[PDB]
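Have a look below at one chain only, the form deposited without the RNA, in structure tokens format.
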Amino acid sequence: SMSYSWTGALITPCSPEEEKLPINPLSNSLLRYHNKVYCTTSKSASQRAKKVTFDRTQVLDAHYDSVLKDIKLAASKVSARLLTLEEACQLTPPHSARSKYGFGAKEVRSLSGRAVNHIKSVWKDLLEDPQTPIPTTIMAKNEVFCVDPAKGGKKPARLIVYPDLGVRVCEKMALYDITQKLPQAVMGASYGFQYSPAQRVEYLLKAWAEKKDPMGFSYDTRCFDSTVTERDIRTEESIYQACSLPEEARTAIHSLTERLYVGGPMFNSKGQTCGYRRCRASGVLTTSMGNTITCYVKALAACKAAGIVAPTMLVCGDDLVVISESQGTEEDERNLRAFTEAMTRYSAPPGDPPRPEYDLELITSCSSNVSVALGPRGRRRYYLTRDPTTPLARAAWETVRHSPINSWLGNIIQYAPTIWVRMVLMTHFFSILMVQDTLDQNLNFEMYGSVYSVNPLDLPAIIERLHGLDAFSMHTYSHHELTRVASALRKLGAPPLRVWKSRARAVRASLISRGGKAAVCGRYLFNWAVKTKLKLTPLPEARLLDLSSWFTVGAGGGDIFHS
């Protein structure tokens, strides 16, 4: 089966698109080489369309069958409930794409009569019709990157396929509670989205330590969503149905599976029939949970097929890391090849072939890696980081083009103890907020593929809660980390770290002169910048702050909102 068919109608924008970073003193302060920073647009949609369109064949075996059986058994211990309409509405992000039926996110969150009455109608149609395909819109994503000639110019736009707002709210009623319980039940600690960055680091360290002679790899499936088959998706439903659920939930879930998840017609922004999908929809509630579960099933089965010795896995959607016992250099190369062939048979062929790695810092999971620095008192402290190129390119763009969802606040929160967040992103954005005079204002941002709302003035307590007090005191970063950062700065025409330190000293002073929470931000976030450091004490506010489920509730990604 072909992942997609196409009518030939173009994929069209619903708004004007800019592809090139605008020259502006605010963004230029961050980096100068603006011609290297681009935004994907609908102009490249066809290019992506060709990539994601291909035939899928799937040959299963005893290893797959056996894993599936264990997983269904594990799922049967789950009891899940329907969400009320009001609950589902409140999880709708303030700027979710509006319904075609005369209402939008604002009306959904405020429970307007038009919105509510429509959603009830959609829910009833789900309950009474399990057959008629639900229409979806296909859009080219606008995301910002830095160019990389060494790997061939510019990425074409990613495609997003999603149904009407009314259907999306119904998805939450049927399946949200499941997203909060199911992944953990069937895969346990391997489910990555439940972890904060610190917890992810801890897990990776544990896995590494549990091997006598550790060897890790990450596995990159070539366009995962497209490799997911109709069978895969119906298998996911049978896993959902293995849970203890009310009858009404069972009905709606089956309808959504047959009418939406397994496939359906795609329309462009102009309403023209664009094509037909027979794979994973990239823009539904179950995209992330489904990918996570289906990836785990195929990966674990492939491990058994290949004879991977004592595998420990970390799965986040299509993102997959396997840590196991090395069997020797050539043996590992052999075993990884066999793993790949099994994954390929299961309909998950690789993009780039996996490589055995014997250094944990070199293992990339969700574009991130574990690194090490020194805390106060001189002890080694492990933390999550990544190449800052893309965060920086996006931070520049977002400085001059204001988006309702900003990437930079997410990066500051996730990567708080990193040297690039601390010296560059923090310095830059606190400056910008003072210039704009909007320090004390809540902002929406994406993180773990879902939406959150945070006041920048609350960052110290948030960072302490998530990362500990040492996030403000770390120094002596690894040579691998230091070189990568410096290279990224040079590549972008950004000031070197020493310049940022001077700039941070001034930002800090301005913050302090404002008193209140702002002075706290100044004293805590920028202690690294002064000659005579303050002695930092734990913030009582951090303790009164409950983020222990902050990442789990994100459900791995999507049209989901939390404060």
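We number the residues from 1 along the sequence you see.
There is another form of the same protein, the form solved in complex with the RNA; it is not shown, and what comes next is about it.
The RNA in the deposited complex comes within 4.5 Å of no heavy atom belonging to residue 481. For residue 225, a non-hydrogen atom is located within 4.5 Å of the RNA in the deposited complex, even though that partner is not displayed. Residue contact with the RNA in the deposited complex: residue 460 places no heavy atom within 4.5 Å of it.
Under a 4.5 angstroms non-hydrogen atom cutoff, the RNA in the deposited complex lacks residue 436 among its neighbouring residues. Contact annotation: the RNA lies within 4.5 Å of heavy atoms from the stretch 94 to 102 in the deposited complex, the single such stretch among 354 to 362, 70 to 78, 94 to 102, 271 to 279. Proximity to the RNA in the deposited complex, taken as a non-hydrogen atom within 4.5 angstroms, holds for one residue of 416, 204, 474, 284, which is 284.
The contact with the RNA in the deposited complex, taken as any heavy atom within 4.5 Å, belongs to 180 out of 235, 229, 180, 389. Of the residues in 475 to 509, none comes within 4.5 Å of the RNA in the deposited complex through any heavy atom.
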